[PDB]
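can you look at this? It's an experimental structure, sequence on top.
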Amino acid sequence: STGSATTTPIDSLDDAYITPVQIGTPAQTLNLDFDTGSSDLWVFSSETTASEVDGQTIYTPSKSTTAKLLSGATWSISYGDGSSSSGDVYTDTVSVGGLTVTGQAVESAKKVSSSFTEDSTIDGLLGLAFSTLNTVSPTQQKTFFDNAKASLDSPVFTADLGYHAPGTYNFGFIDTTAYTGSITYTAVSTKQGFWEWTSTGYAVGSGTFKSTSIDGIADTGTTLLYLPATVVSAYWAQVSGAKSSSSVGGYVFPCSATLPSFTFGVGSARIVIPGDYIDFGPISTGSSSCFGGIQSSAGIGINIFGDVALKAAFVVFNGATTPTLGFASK
Ligand SMILES: NCc1ccc(C(F)(F)F)cc1
Ligand SMILES: NCc1ccc(C(F)(F)F)cc1
(Lines give C-alpha, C1' and ligand atoms only; values in the text may rest on other atoms or scores of the structure.)
(Ligands and ions follow the chains in the order given, each with its own letter.)
Protein backbone atom coordinates (compact mmCIF):
# COMPACT_ATOMS: atom_id res chain seq x y z
CA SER A 1 0.00 0.00 0.00
CA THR A 2 1.00 3.66 -0.31
CA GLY A 3 0.00 7.08 0.97
CA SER A 4 0.37 10.66 -0.17
CA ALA A 5 -0.34 13.93 1.64
CA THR A 6 0.18 17.63 0.94
CA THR A 7 2.24 19.60 3.43
CA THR A 8 1.76 23.36 3.70
CA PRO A 9 3.98 26.03 5.31
CA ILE A 10 2.42 27.54 8.42
CA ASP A 11 3.52 31.12 7.70
CA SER A 12 5.20 33.28 5.09
CA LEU A 13 8.70 32.31 6.27
CA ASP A 14 8.30 28.51 6.04
CA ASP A 15 8.97 28.27 9.79
CA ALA A 16 7.25 24.87 9.80
CA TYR A 17 5.07 22.64 7.64
CA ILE A 18 1.76 21.02 8.62
CA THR A 19 0.18 17.92 7.06
CA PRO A 20 -3.40 16.73 7.74
CA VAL A 21 -3.66 13.42 9.60
CA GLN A 22 -6.86 11.46 10.33
CA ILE A 23 -7.09 9.99 13.86
CA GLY A 24 -9.87 7.89 15.35
CA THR A 25 -13.22 6.51 14.18
CA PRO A 26 -14.91 8.51 12.89
CA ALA A 27 -11.91 10.51 11.60
CA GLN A 28 -10.73 13.53 13.57
CA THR A 29 -8.46 15.54 11.28
CA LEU A 30 -5.51 17.31 12.91
CA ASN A 31 -2.68 19.17 11.21
CA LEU A 32 0.60 17.67 12.43
CA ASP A 33 4.25 18.72 12.04
CA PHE A 34 6.06 15.78 10.43
CA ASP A 35 9.38 15.58 12.27
CA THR A 36 12.22 13.33 11.09
CA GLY A 37 14.16 14.48 14.18
CA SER A 38 11.91 12.83 16.78
CA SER A 39 9.91 9.67 17.28
CA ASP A 40 6.74 10.55 19.20
CA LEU A 41 3.27 11.04 17.70
CA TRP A 42 1.68 13.47 20.15
CA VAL A 43 -1.37 15.70 19.86
CA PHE A 44 -3.24 18.44 21.64
CA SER A 45 -6.25 16.73 23.19
CA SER A 46 -9.31 17.16 25.39
CA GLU A 47 -6.88 16.22 28.22
CA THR A 48 -4.53 19.16 27.64
CA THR A 49 -4.54 21.80 30.39
CA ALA A 50 -7.14 24.28 29.21
CA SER A 51 -4.99 27.40 29.63
CA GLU A 52 -2.31 25.80 27.41
CA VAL A 53 -4.63 25.50 24.37
CA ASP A 54 -4.99 28.57 22.12
CA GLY A 55 -6.83 27.73 18.88
CA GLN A 56 -5.44 24.25 18.17
CA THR A 57 -7.69 21.42 17.03
CA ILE A 58 -7.83 18.84 19.84
CA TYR A 59 -8.06 15.07 19.69
CA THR A 60 -10.93 13.68 21.79
CA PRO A 61 -10.35 9.97 22.46
CA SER A 62 -13.75 9.64 24.10
CA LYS A 63 -15.43 10.30 20.72
CA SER A 64 -13.41 7.60 18.92
CA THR A 65 -14.83 4.08 18.86
CA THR A 66 -11.35 2.62 18.17
CA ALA A 67 -9.38 4.49 20.86
CA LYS A 68 -7.96 2.38 23.70
CA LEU A 69 -6.14 3.78 26.72
CA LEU A 70 -2.69 2.20 27.07
CA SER A 71 -2.88 1.46 30.78
CA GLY A 72 0.00 2.82 32.83
CA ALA A 73 1.91 4.35 29.91
CA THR A 74 3.27 7.90 30.06
CA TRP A 75 5.47 10.05 27.84
CA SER A 76 7.64 13.11 28.30
CA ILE A 77 9.76 14.77 25.62
CA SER A 78 12.18 17.70 25.42
CA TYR A 79 13.27 19.13 22.07
CA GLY A 80 16.64 20.68 21.24
CA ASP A 81 15.06 24.16 21.18
CA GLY A 82 13.88 23.76 24.79
CA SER A 83 10.25 22.90 23.97
CA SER A 84 8.59 20.10 25.94
CA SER A 85 5.31 18.26 26.50
CA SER A 86 3.98 15.19 28.33
CA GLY A 87 0.89 13.11 29.07
CA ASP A 88 -0.66 9.68 28.57
CA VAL A 89 -1.02 7.28 25.67
CA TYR A 90 -3.87 5.89 23.60
CA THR A 91 -3.85 3.50 20.71
CA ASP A 92 -6.07 4.39 17.76
CA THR A 93 -6.39 4.23 14.00
CA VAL A 94 -4.21 6.80 12.22
CA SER A 95 -4.33 7.53 8.48
CA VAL A 96 -2.02 9.70 6.38
CA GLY A 97 -3.18 10.39 2.84
CA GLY A 98 -4.92 7.04 2.35
CA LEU A 99 -2.37 4.97 4.32
CA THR A 100 -3.92 3.49 7.46
CA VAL A 101 -2.27 2.04 10.58
CA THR A 102 -4.32 0.35 13.29
CA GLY A 103 -3.15 0.37 16.90
CA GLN A 104 -0.83 3.36 16.52
CA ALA A 105 0.34 4.90 19.79
CA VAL A 106 -1.28 8.36 20.02
CA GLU A 107 0.33 10.33 22.84
CA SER A 108 -2.18 12.71 24.42
CA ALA A 109 -0.62 15.91 25.73
CA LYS A 110 -1.67 16.86 29.24
CA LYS A 111 0.97 19.61 29.47
CA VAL A 112 2.70 21.56 26.68
CA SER A 113 5.40 24.24 26.74
CA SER A 114 4.58 27.85 25.89
CA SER A 115 6.06 27.70 22.39
CA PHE A 116 3.51 25.03 21.45
CA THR A 117 0.58 26.99 22.94
CA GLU A 118 1.53 30.09 20.95
CA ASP A 119 1.65 28.09 17.65
CA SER A 120 -2.08 27.89 16.86
CA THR A 121 -1.46 26.27 13.45
CA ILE A 122 0.27 23.11 14.78
CA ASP A 123 -1.96 20.49 16.45
CA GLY A 124 0.88 18.11 17.26
CA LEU A 125 3.94 16.29 15.97
CA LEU A 126 4.35 13.11 13.95
CA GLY A 127 7.81 11.71 14.64
CA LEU A 128 9.67 9.95 11.82
CA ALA A 129 13.11 9.25 13.32
CA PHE A 130 13.90 5.71 14.49
CA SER A 131 11.74 4.12 17.17
CA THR A 132 14.64 3.88 19.63
CA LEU A 133 13.96 7.56 20.47
CA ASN A 134 10.30 7.15 21.43
CA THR A 135 9.68 8.41 24.97
CA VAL A 136 6.76 6.16 26.00
CA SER A 137 7.40 4.43 29.33
CA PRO A 138 7.59 1.66 30.51
CA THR A 139 6.87 0.08 27.07
CA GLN A 140 8.52 1.88 24.14
CA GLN A 141 6.22 2.45 21.13
CA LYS A 142 6.81 2.35 17.38
CA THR A 143 6.50 5.32 15.01
CA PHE A 144 3.84 5.58 12.31
CA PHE A 145 6.47 4.71 9.69
CA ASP A 146 7.72 1.63 11.56
CA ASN A 147 4.15 0.36 12.02
CA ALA A 148 3.32 0.89 8.32
CA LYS A 149 6.60 -0.51 6.93
CA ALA A 150 5.41 -4.06 6.32
CA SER A 151 2.31 -2.95 4.38
CA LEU A 152 4.15 -0.40 2.22
CA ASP A 153 5.05 -1.32 -1.34
CA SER A 154 8.58 -0.11 -0.53
CA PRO A 155 9.87 0.76 2.98
CA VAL A 156 10.46 4.42 2.06
CA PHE A 157 9.00 7.83 2.56
CA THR A 158 9.97 10.95 0.70
CA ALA A 159 9.89 14.62 1.62
CA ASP A 160 9.33 17.22 -1.11
CA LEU A 161 9.07 20.51 0.80
CA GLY A 162 8.08 23.68 -1.04
CA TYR A 163 9.67 27.12 -0.92
CA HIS A 164 6.81 29.42 0.18
CA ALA A 165 4.52 26.80 -1.38
CA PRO A 166 2.86 23.45 -0.61
CA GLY A 167 4.77 20.19 -0.91
CA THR A 168 4.30 16.44 -0.59
CA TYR A 169 5.03 13.61 1.83
CA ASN A 170 4.78 10.23 0.06
CA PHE A 171 4.85 6.87 1.85
CA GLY A 172 5.78 3.62 0.11
CA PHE A 173 6.80 4.80 -3.36
CA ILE A 174 9.19 7.19 -5.12
CA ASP A 175 7.55 9.67 -7.51
CA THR A 176 10.01 9.72 -10.40
CA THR A 177 8.26 12.79 -11.84
CA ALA A 178 9.07 14.96 -8.80
CA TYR A 179 12.85 15.37 -9.29
CA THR A 180 15.39 15.94 -12.05
CA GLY A 181 18.45 13.84 -12.80
CA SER A 182 19.35 10.95 -10.53
CA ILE A 183 18.93 10.27 -6.83
CA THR A 184 22.24 10.01 -4.96
CA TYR A 185 22.11 7.68 -1.96
CA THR A 186 24.40 7.97 1.05
CA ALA A 187 24.87 5.80 4.13
CA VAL A 188 22.93 6.44 7.35
CA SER A 189 24.03 5.81 10.93
CA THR A 190 21.16 4.96 13.28
CA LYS A 191 23.36 4.84 16.38
CA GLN A 192 21.86 8.02 17.87
CA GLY A 193 18.36 7.25 16.56
CA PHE A 194 18.51 9.97 13.89
CA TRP A 195 18.68 9.98 10.12
CA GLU A 196 22.39 10.78 10.48
CA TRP A 197 24.66 11.02 7.44
CA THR A 198 27.89 12.65 6.25
CA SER A 199 27.96 15.50 3.75
CA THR A 200 31.05 15.60 1.56
CA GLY A 201 31.62 19.36 1.63
CA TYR A 202 30.29 22.77 0.68
CA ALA A 203 30.67 25.88 -1.45
CA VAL A 204 29.61 29.50 -0.97
CA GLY A 205 28.09 31.22 -3.99
CA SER A 206 30.20 30.57 -7.07
CA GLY A 207 33.25 29.69 -4.96
CA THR A 208 35.46 26.63 -4.95
CA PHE A 209 33.95 23.48 -3.48
CA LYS A 210 35.64 22.55 -0.20
CA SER A 211 35.88 18.79 0.34
CA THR A 212 35.32 18.13 4.02
CA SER A 213 33.16 15.67 5.95
CA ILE A 214 30.19 17.24 7.75
CA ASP A 215 28.23 14.80 9.90
CA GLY A 216 24.66 15.86 10.61
CA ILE A 217 21.04 14.79 10.66
CA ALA A 218 18.24 15.26 8.13
CA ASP A 219 15.56 16.96 10.24
CA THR A 220 12.26 18.09 8.73
CA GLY A 221 11.29 19.40 12.18
CA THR A 222 14.02 22.05 12.33
CA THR A 223 13.58 25.27 10.37
CA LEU A 224 17.15 26.39 9.74
CA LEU A 225 20.51 24.96 8.67
CA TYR A 226 22.96 24.56 11.57
CA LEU A 227 26.56 23.92 10.55
CA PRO A 228 30.04 24.16 12.14
CA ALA A 229 31.33 27.60 13.06
CA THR A 230 34.06 27.51 10.40
CA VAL A 231 31.56 26.86 7.58
CA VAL A 232 29.06 29.43 8.84
CA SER A 233 31.72 32.13 9.18
CA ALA A 234 32.89 31.46 5.60
CA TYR A 235 29.35 31.92 4.29
CA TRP A 236 28.50 35.15 6.13
CA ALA A 237 31.90 36.68 5.30
CA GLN A 238 30.57 36.95 1.74
CA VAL A 239 27.61 39.16 2.80
CA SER A 240 28.40 42.86 3.25
CA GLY A 241 27.56 44.05 6.76
CA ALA A 242 26.63 40.62 8.13
CA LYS A 243 27.68 39.91 11.71
CA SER A 244 26.90 37.56 14.57
CA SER A 245 24.64 39.23 17.12
CA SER A 246 24.64 37.99 20.70
CA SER A 247 21.45 39.90 21.54
CA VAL A 248 19.64 38.38 18.56
CA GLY A 249 21.22 34.93 18.90
CA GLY A 250 22.77 34.39 15.50
CA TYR A 251 23.99 35.94 12.30
CA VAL A 252 21.99 38.92 11.01
CA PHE A 253 22.51 40.87 7.80
CA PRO A 254 21.24 44.10 6.21
CA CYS A 255 17.84 43.45 4.68
CA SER A 256 19.02 45.25 1.49
CA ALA A 257 21.82 42.73 0.81
CA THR A 258 21.58 39.92 -1.74
CA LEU A 259 22.50 36.52 -0.39
CA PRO A 260 24.79 34.02 -2.13
CA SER A 261 23.71 30.45 -2.64
CA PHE A 262 25.04 27.61 -0.49
CA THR A 263 26.03 24.24 -1.97
CA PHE A 264 26.33 21.02 0.04
CA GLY A 265 27.78 17.69 -1.09
CA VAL A 266 26.04 14.32 -1.23
CA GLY A 267 28.64 11.82 -2.34
CA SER A 268 29.77 13.18 -5.71
CA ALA A 269 26.52 15.13 -6.21
CA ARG A 270 25.80 18.76 -5.26
CA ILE A 271 22.59 20.26 -3.86
CA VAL A 272 22.37 24.05 -4.32
CA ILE A 273 20.38 26.15 -1.83
CA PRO A 274 19.37 29.43 -3.56
CA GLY A 275 20.25 32.54 -1.59
CA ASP A 276 16.60 33.60 -1.21
CA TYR A 277 15.99 30.43 0.87
CA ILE A 278 18.45 31.79 3.47
CA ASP A 279 16.55 35.05 4.08
CA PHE A 280 14.29 34.83 7.13
CA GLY A 281 13.23 38.48 7.11
CA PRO A 282 13.48 41.27 9.68
CA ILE A 283 14.39 40.43 13.28
CA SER A 284 11.40 42.57 14.37
CA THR A 285 8.61 44.33 12.50
CA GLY A 286 10.00 47.30 10.63
CA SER A 287 13.67 46.48 11.29
CA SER A 288 16.22 46.76 8.50
CA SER A 289 18.25 43.88 10.01
CA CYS A 290 17.32 40.45 8.67
CA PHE A 291 17.84 37.02 10.24
CA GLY A 292 19.98 34.43 8.47
CA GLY A 293 18.87 30.88 7.69
CA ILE A 294 22.38 29.43 8.14
CA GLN A 295 23.52 29.44 11.77
CA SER A 296 26.30 27.88 13.85
CA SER A 297 25.79 24.48 15.47
CA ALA A 298 28.46 25.17 18.12
CA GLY A 299 25.92 25.60 20.91
CA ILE A 300 23.93 22.52 19.80
CA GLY A 301 26.43 19.68 19.59
CA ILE A 302 25.22 18.26 16.27
CA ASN A 303 24.85 19.63 12.74
CA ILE A 304 21.28 19.89 11.47
CA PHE A 305 20.15 19.84 7.83
CA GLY A 306 16.78 21.44 8.52
CA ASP A 307 14.07 22.68 6.18
CA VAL A 308 16.35 25.35 4.63
CA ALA A 309 18.49 22.56 3.18
CA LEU A 310 15.86 19.85 2.68
CA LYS A 311 13.38 22.02 0.75
CA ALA A 312 16.09 22.55 -1.89
CA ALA A 313 15.98 18.79 -2.70
CA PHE A 314 13.76 15.76 -3.23
CA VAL A 315 14.69 13.63 -0.20
CA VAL A 316 14.25 9.86 0.14
CA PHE A 317 14.19 8.28 3.59
CA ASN A 318 14.92 4.62 2.82
CA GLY A 319 14.00 2.51 5.83
CA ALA A 320 15.24 -0.77 4.41
CA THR A 321 17.21 -3.04 6.77
CA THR A 322 20.30 -1.01 5.88
CA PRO A 323 18.82 2.51 5.90
CA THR A 324 19.97 5.15 3.42
CA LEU A 325 19.14 8.74 2.50
CA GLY A 326 18.67 9.80 -1.12
CA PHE A 327 18.98 13.35 -2.46
CA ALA A 328 17.99 14.65 -5.88
CA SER A 329 17.74 18.10 -7.38
CA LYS A 330 14.28 19.32 -8.30
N1 LIG B 1 13.39 18.04 15.12
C2 LIG B 1 13.59 17.31 16.35
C3 LIG B 1 14.97 17.60 16.94
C4 LIG B 1 15.22 18.78 17.63
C5 LIG B 1 16.48 19.01 18.16
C6 LIG B 1 17.48 18.07 18.01
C7 LIG B 1 18.87 18.27 18.58
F8 LIG B 1 18.99 19.52 19.13
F9 LIG B 1 19.05 17.31 19.54
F10 LIG B 1 19.79 18.09 17.59
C11 LIG B 1 17.23 16.89 17.33
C12 LIG B 1 15.98 16.66 16.79
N1 LIG C 1 11.92 20.17 16.27
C2 LIG C 1 10.69 19.80 16.94
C3 LIG C 1 9.90 21.09 17.17
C4 LIG C 1 9.05 21.53 16.19
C5 LIG C 1 8.33 22.70 16.37
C6 LIG C 1 8.48 23.42 17.54
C7 LIG C 1 7.70 24.71 17.73
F8 LIG C 1 7.71 25.40 16.55
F9 LIG C 1 6.40 24.44 18.08
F10 LIG C 1 8.31 25.44 18.71
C11 LIG C 1 9.35 22.98 18.54
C12 LIG C 1 10.06 21.81 18.35
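Nice, I can see it. Residues are numbered from 1 along each chain as shown. Ligands and ions are numbered 1, 2, ... in the order given.

burial of the residue of the chain found nearest ligand 1, as a residue count?
Nearest residue of the chain to ligand 1: residue 80, at 2.0 Å (C-beta to the nearest ligand atom). Every C-beta, even on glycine, is put in place using the N, C-alpha and C of the backbone. When neighbours are defined as other C-beta atoms under 10 Å, residue 80 has 15 of them.

and if you look at residue 96?
As a burial measure, residue 96 scores 24 neighbours (other C-beta under 10 Å).

who's it bridged to?
Per DSSP bridges, the residues bridged to residue 96 are residue 99.

ok, it touching residue 23?
No. The pair residue 96 and residue 23 fails to qualify as a contact (C-beta atoms under 8 Å) at a distance of 10.1 Å.

residues of this structure that sit close to ligand 2?
Applying C-beta under 6 Å from any ligand atom, we find that the chain lies next to ligand 2 at 16, 33, 35, 37-38, 79, 81, 83, 115-116, 119, 122, 221-222.

again, only this time at 5 Å
By the rule C-beta under 5 Å from any ligand atom, the part of the chain lying against ligand 2 is 79, 83, 115, 119, 221.

neighbour-wise, which one of those leads?
residue 221 (23 neighbours).

mind checking how far the residue nearest to residue 184 when sequence neighbours are not counted is from ligand 2?
With C-beta to C-beta, 6 or more residues apart in numbering as the criterion, residue 184 has its nearest non-adjacent residue at 4.0 Å, and that residue is residue 269. Per C-beta to the nearest ligand atom, to the nearest Å, residue 269 is found 27 Å from ligand 2.

specify the beta-bridge partners of residue 269.
Applying DSSP bridges, one finds that residue 269 bridges with residue 266.

please point out which parts of stretch 13-20 sit buried.
The neighbour-count check on stretch 13-20 (16 or more other C-beta atoms under 10 Å) flags 14, 16, 17, 18, 19, 20 as buried.

would you mind measuring the gap between the ends of it?
One end of stretch 13-20 to the other measures 20 Å (C-alpha to C-alpha, to the nearest Å).

quick check: residues of the stretch 1-150 of the chain near ligand 1?
Residues of the stretch 1-150 of the chain lying near ligand 1 (C-beta under 5 Å from any ligand atom): 35, 37, 38, 79, 80.

buried ones in the longest helix anywhere in the chain?
Taking DSSP state H as the criterion, the chain has its longest helix at helix 229-236. By neighbour count on 16+ other C-beta under 10 Å, the buried set for helix 229-236 is 231, 232, 234, 235, 236.

hey, where'd the helices end up in the stretch 201-330 of the chain?
For the stretch 201-330 of the chain, applying DSSP state H, counting those that start in this stretch gives helices covering 229-236, 307-310.

from the buried residues of helix 229-236, which is closest to ligand 2?
Lowest distance from ligand 2 to the buried residues of helix 229-236 (C-beta to the nearest ligand atom) belongs to residue 232, with 19.7 Å.

how near is that closest one to residue 98?
41 Å (C-beta to C-beta, to the nearest Å).

can you check residue 91 too?
For residue 91, the distance to residue 98 - C-beta to C-beta - is 21 Å.

likewise for residue 186?
Taking C-beta to C-beta, one finds residue 186 at 30 Å from residue 98.

and those two? Which one has more around it.
Counted by other C-beta under 10 Å, residue 186 and residue 98 do not tie: residue 186 has more neighbours, with 17 against 13.

in the sheet, who's paired with the more buried one?
In beta-bridge terms (that is, DSSP bridges), residue 186 pairs with residue 325.

can you give me the buried ones in the helix or strand hosting residue 94?
In this structure, residue 94 sits in strand 84-96 according to DSSP states H and E. The neighbour-count check on strand 84-96 (16+ other C-beta under 10 Å) flags 85, 86, 87, 88, 89, 90, 91, 92, 93, 94, 95, 96 as buried.

which residue is the nearest non-sequential neighbour of the fourth one?
Excluding its sequence neighbours, the residue lying closest to residue 88 (C-beta to C-beta, 6+ apart) is residue 108, at 5.5 Å.

list the buried residues for the helix or strand hosting that neighbour?
In the assignment (DSSP H and E), residue 108 maps to strand 99-112. Within strand 99-112, the residues that count as buried by 16+ other C-beta under 10 Å are 99, 101, 104, 105, 106, 107, 108, 109, 110, 112.

can I assume the second one is in contact with residue 66?
It stands for residue 101. No. Residue 101 lies out of contact with residue 66 (C-beta under 8 Å); the separation is 11.5 Å.

between the two, which contacts overlap?
residue 93 (C-beta atoms under 8 Å, 6 or more residues apart in numbering).

so which bits of the stretch 201-330 of the chain are right by ligand 1?
Going by C-beta under 5 Å from any ligand atom, the residues of the stretch 201-330 of the chain near ligand 1 are 219, 221, 222, 302.
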